[PDB]
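Heads up, the thing below is written out as structure tokens.
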Amino acid sequence: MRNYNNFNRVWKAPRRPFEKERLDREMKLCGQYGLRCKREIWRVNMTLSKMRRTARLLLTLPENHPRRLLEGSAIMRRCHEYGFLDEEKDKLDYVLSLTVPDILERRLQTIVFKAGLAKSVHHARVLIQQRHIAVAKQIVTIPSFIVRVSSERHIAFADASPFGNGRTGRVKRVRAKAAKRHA
Amino acid sequence: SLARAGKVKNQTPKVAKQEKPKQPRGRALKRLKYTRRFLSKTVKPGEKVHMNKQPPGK
Amino acid sequence: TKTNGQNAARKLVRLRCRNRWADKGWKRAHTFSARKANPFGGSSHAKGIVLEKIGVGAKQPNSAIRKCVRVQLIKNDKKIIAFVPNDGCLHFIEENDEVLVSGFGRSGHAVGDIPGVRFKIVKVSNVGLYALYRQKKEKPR
Amino acid sequence: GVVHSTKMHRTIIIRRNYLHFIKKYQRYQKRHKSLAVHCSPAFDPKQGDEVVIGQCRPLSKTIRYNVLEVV
Amino acid sequence: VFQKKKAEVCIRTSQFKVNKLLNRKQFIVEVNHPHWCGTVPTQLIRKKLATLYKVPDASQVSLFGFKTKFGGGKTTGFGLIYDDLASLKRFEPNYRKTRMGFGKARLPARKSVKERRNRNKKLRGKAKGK
RNA sequence: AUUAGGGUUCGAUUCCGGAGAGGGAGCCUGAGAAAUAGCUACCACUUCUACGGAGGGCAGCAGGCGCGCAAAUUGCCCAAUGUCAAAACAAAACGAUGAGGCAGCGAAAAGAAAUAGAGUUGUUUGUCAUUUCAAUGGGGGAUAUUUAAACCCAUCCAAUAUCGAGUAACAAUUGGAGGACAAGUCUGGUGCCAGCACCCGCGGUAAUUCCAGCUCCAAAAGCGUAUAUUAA
Ligand SMILES: [K+]
Ligand SMILES: [K+]
Ligand SMILES: [K+]
Ligand SMILES: [Mg+2]
Ligand SMILES: [Mg+2]
Ligand SMILES: [Mg+2]
Ligand SMILES: [Mg+2]
Ligand SMILES: [Mg+2]
Ligand SMILES: [Mg+2]
Ligand SMILES: [Mg+2]
Ligand SMILES: [Mg+2]
Ligand code: NA
Numbered sequence: 001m002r003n004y005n006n007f008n009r010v011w012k013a014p015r016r017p018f019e020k021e022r023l024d025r026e027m028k029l030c031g032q033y034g035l036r037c038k039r040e041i042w043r044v045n046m047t048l049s050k051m052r053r054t055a056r057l058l059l060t061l062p063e064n065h066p067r068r069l070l071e072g073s074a075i076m077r078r079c080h081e082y083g084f085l086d087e088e089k090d091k092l093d094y095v096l097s098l099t100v101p102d103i104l105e106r107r108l109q110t111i112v113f114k115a116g117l118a119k120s121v122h123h124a125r126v127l128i129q130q131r132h133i134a135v136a137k138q139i140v141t142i143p144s145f146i147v148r149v150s151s152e153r154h155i156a157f158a159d160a161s162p163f164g165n166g167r168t169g170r171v172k173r174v175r176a177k178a179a180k181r182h183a
Numbered sequence: 007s008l009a010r011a012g013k014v015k016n017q018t019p020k021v022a023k024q025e026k027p028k029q030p031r032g033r034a035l036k037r038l039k040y041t042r043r044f045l046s047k048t049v050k051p052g053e054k055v056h057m058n059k060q061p062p063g064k
Numbered sequence: 002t003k004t005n006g007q008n009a010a011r012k013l014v015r016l017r018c019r020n021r022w023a024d025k026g027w028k029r030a031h032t033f034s035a036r037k038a039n040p041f042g043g044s045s046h047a048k049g050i051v052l053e054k055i056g057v058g059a060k061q062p063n064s065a066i067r068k069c070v071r072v073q074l075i076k077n078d079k080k081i082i083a084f085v086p087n088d089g090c091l092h093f094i095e096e097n098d099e100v101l102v103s104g105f106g107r108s109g110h111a112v113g114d115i116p117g118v119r120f121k122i123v124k125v126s127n128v129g130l131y132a133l134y135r136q137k138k139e140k141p142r
Numbered sequence: 088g089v090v091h092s093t094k095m096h097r098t099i100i101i102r103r104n105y106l107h108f109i110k111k112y113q114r115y116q117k118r119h120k121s122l123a124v125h126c127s128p129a130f131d132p133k134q135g136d137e138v139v140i141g142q143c144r145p146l147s148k149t150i151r152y153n154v155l156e157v158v
Numbered sequence: 002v003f004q005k006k007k008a009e010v011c012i013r014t015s016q017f018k019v020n021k022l023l024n025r026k027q028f029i030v031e032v033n034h035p036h037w038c039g040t041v042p043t044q045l046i047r048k049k050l051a052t053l054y055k056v057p058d059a060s061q062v063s064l065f066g067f068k069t070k071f072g073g074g075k076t077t078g079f080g081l082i083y084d085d086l087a088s089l090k091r092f093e094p095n096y097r098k099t100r101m102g103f104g105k106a107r108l109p110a111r112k113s114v115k116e117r118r119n120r121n122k123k124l125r126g127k128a129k130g131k
């Protein structure tokens with residue numbers, strides 16, 4: 001009551017619940033990127049739909065339109081920093097051609113797996129959720145963290161993690177404590 | 007003729023459920039399904055896949 | 002054919018207002034006769050008292066007896082017939098029992114081969130009928 | 088407005104005819120608004136004449152305008 | 002690899018400002034404690050800040066609102082340094098002074114005060130406030 | 001809310017404007033009231049009484065009782081945000097405030113996210129049986145931190161000196177497998193019965209449809225159902 005904190009939704013379910021082709025493609029994506037459920041794919045779908053709707057509205061307007069200029073520059077910038085679009089292509093019609101894998105590549109789990117800090121995409125999610133990966137000296141625990149191209153270089157193991165400058169984990173800590181108990 | 011209610015449910019011989027090991031629950035189950043359907047079975051396209059194929063009977 | 006004048010907005014408004022009453026759904030929604038005749042009075046569920054237990058013969062080509070209860074709603078005191086939605090669940094219902102009944106799923110229309118039944122029992126004695134059927138709960142007293 | 092009735096004493100009824108745009112049908116419809124206006128004896132308007140009226144304080148339970156010029 | 006090292010605390014101040022109205026200096030205190038087990042005590046932060054700013058008395062520094070950054074290693078909070086302990090005691094809120102140890106004794110229950118006032122509302126003089 | 005567009009539906013409810021304080025009416029005071037934690041009187045209801053008399057007004061907050069399909073604590077505090085005031089703060093020396101904030105309850109709704117990960121060996125892969133190996137929570141604590149105080153969060157498990165997974169039992173559910181509609185000519189029961197089935201239909205004995213087991217499917221910390229409403 002008398003609270004003005006805003007909240008909205010980020011995903012939307014498909015119109016047809018059971019399509020063989022859609023289910024097969026979504027299972028492809030889930031297995032390829034190690035996703036807990038289809039709701040992550042649907043969230044990416046909603047982000048893509050919003051971006052493409054904005055791009056269509058801007059492309060309807062004439063080129064000299066100040067609104068088109070400002071918002072197209074903003075969307076170009078956002079795509080380029082977040083890595084969805086290659087820097088070579090700078091037209092407003094390349095946002096319309098974006099696909100779900102383009103954003104799914106930018107997730108911190110996929111980025112860690114590709115960079116080699118993890119042996120698999122299911123290993124990368126565990127590594128992130130277990131406070132082992134730090135992006136630019138900041139521990140990131142969210143697998144869906146979309147990585148900027150400038151922050152791609154700074155991804156490494158956390159200084160507080162055992163796979164780094166931190167103290168030994170539970171397996172070793174508990175074994176050492178048991179050895180002390182025996183001695 | 008309300009005296010026959012529950013007839014078949016009461017006549018059904020009770021069979022207890024078998025105890026099986028716990029299945030993966032989170033994204034591990036999605037991984038299991040993906041490896042089973044798209045990785046382990048590499049059947050060529052054009053042939054119908056059966057997600058539940060059964061031994062012949064009757 | 003219709004009017005296409007530049008200043009014919011009044012004619013088009015009157016035409017649409019007149020012709021919207023021929024839509025059965027629109028008229029039913031915008032007229033109080035349906036809500037007056039609805040025993041639930043526009044509610045999703047309603048609570049009643051089980052007057053008696055009866056068996057309704059299914060219509061052809063089907064052939065069976067469907068377990069229903071004649072109940073009296075506590076807010077309008079109107080008699081309705083409500084189907085018991087599983088097998089052996091009629092044994093969970095006694096006379097003068099405090100029951101909760103919902104619609105059958107067709108918005109005031111008879112469902113299935115049961116001739117004139119549009120309601121079903123969802124709760125009995127403040128315990129879910131499906132829970133009792135699945136043995137996840139026990140009927141008090 | 089245009090003079091509609093001159094049967095009262097020192098008072099006239101004027102009609103303001105306009106077209107109202109109904110958005111849904113993208114078309115207009117003709118509407119009117121009658122107004123009670125006080126006409127000074129300096130003017131002698133006839134029914135159908137065109138007048139300019141200016142808003143003043145309530146002079147009666149319906150009169151809020153005064154005739155300023157007859158066209 | 003992990004090399005054992007004594008825990009070190011580094012104090013830093015940002016958005017510094019001095020107002021002569023309240024006779025104090027306000028700033029945001031950010032502390033770096035790379036290898037530190039737990040959260041840095043406010044008393045220790047106060048002593049380090051007093052030493053850093055060369056204030057005559059460590060009890061004329063008042064610190065509050067310390068939030069620990071996610072992932073560890075830093076906390077950030079607000080701090081004030083008063084011209085004297087008299088100014089600190091005069092201008093500091095009662096709860097902060099209670100944290101520092103100078104606070105007033107807790108008042109009786111507001112419920113009891115309300116009941117006493119409502120009972121007195123029916124009485125004449127010298128029968129109320131007895 | 002939903003909608004390509006045009007539309008369709010919803011708005012008791014946080015901000016604004018109106019109205020009211022059981023119902024009517026009348027009023028006094030005051031800059032401002034036709035005021036109701038003002039007054040007066042009627043009419044409903046009510047409470048006390050020593051029977052003469054005297055009272056009441058939760059559509060404030062908490063909380064009852066009804067009524068229903070349907071909705072939380074007789075909590076803590078003015079620390080903040082404001083209001084009033086004769087009033088900065090402090091000093092014998094802390095103004096009120098159910099406004100408001102804080103917590104309790106709270107799968108209305110929204111966001112992020114667990115329920116394992118890397119291998120060995122045997123049994124292209126894959127599977128299965130082994131065999132490892134670390135990691136990390138849930139949780140348990142604290143020099144503490146937060147907070148009006150608590151509480152959450154965050155931080156940590158030595159800094160000299162800090163607990164903890166293996167059936168990681170710390171064991172996922174809700175609906176389904178004739179079609180629409182993803183997924184069984186499987187196996188037992190039953191035999192137009194019991195049932196099921198939005199609709200089409202299934203059950204009259206070799207049930208793809210019921211009651212079960214096993215298996216598979218879909219969504220998933222959610223998933224059914226009813227009734228509305230938008231799209232279709
Ligand atoms: K609350
Ligand atoms: K009475
Ligand atoms: K109340
Ligand atoms: Mg109402
Ligand atoms: Mg009023
Ligand atoms: Mg009332
Ligand atoms: Mg009044
Ligand atoms: Mg009151
Ligand atoms: Mg009254
Ligand atoms: Mg669990
Ligand atoms: Mg349905
Ligand atoms: Na209001």
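Chains as they are written, first to last, in the entry's author numbering: chain SD, 1 to 183; chain Se, 7 to 64; chain SP, 2 to 142; chain SU, 88 to 158; chain SZ, 2 to 131. For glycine and all other residues, C-beta sits at the position ideal for the given N, C-alpha and C.
Closest by C-alpha distance to residue i, when choosing among the options
i, options, result
"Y96 of chain SZ", "SZ:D85, SZ:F71 and SZ:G66", "SZ:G66"
"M95 of chain SU", "SU:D131, SU:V139, SU:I140 and SU:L155", "SU:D131"
"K28 of chain SD", "Se:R42, Se:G32 and Se:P27", "Se:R42"
"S15 of chain SZ", "SZ:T77, SZ:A8 and SZ:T52", "SZ:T77"
"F120 of chain SP", "SP:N97, SP:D24, SP:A10 and SP:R107", "SP:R107"
"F157 of chain SD", "SD:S151, SD:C79, SD:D102 and SD:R131", "SD:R131"
"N63 of chain SP", "SP:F84, SP:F41, SP:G113 and SP:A132", "SP:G113"
"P143 of chain SD", "SD:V112, SD:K38 and SD:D93", "SD:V112"
"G117 of chain SP", "SP:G26, SP:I82, SP:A132 and SP:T2", "SP:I82"
"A134 of chain SD", "SD:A115, SD:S161 and SD:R77", "SD:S161"
"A59 of chain SZ", "SZ:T43, SZ:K129 and SZ:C11", "SZ:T43"
"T98 of chain SU", "SU:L155, SU:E156 and SU:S127", "SU:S127"
Residue i to residue j span [Cα, whole Å]
i, j, result
"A178 of chain SD", "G169 of chain SD", "14 Å"
"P145 of chain SU", "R118 of chain SU", "25 Å"
"residue 1 of chain SP", "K76 of chain SP", "The requested residue 1 of chain SP is not part of the displayed model; chain SP covers only 2 to 142."
"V57 of chain SP", "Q60 of chain Se", "40 Å"
"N153 of chain SU", "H91 of chain SU", "15 Å"
"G6 of chain SP", "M46 of chain SD", "43 Å"
"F71 of chain SZ", "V10 of chain SD", "25 Å"
"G109 of chain SP", "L16 of chain SP", "30 Å"
"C79 of chain SD", "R106 of chain SD", "11 Å"
"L98 of chain SD", "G72 of chain SD", "15 Å"
"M1 of chain SD", "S44 of chain SP", "27 Å"
"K54 of chain Se", "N6 of chain SD", "49 Å"
"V21 of chain Se", "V123 of chain SP", "28 Å"
"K47 of chain Se", "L96 of chain SD", "35 Å"
For residue i, three-class secondary structure by DSSP
i, result
"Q129 of chain SD", "helix"
"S121 of chain SU", "strand"
"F157 of chain SD", "strand"
"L23 of chain SZ", "coil"
"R37 of chain Se", "helix"
"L101 of chain SP", "strand"
"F130 of chain SU", "coil"
"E96 of chain SP", "coil"
Opposing strand residues paired with residue i [DSSP bridges]
i, result
"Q109 of chain SD", "In the DSSP output, where bridge partners are listed per residue, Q109 of chain SD has none listed."
"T14 of chain SZ", "SZ:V30"
"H107 of chain SU", "SU:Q116"
"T77 of chain SZ", "SZ:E31 and SZ:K68"
"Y152 of chain SU", "SU:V124 and SU:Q142"
"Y83 of chain SZ", "SZ:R25"
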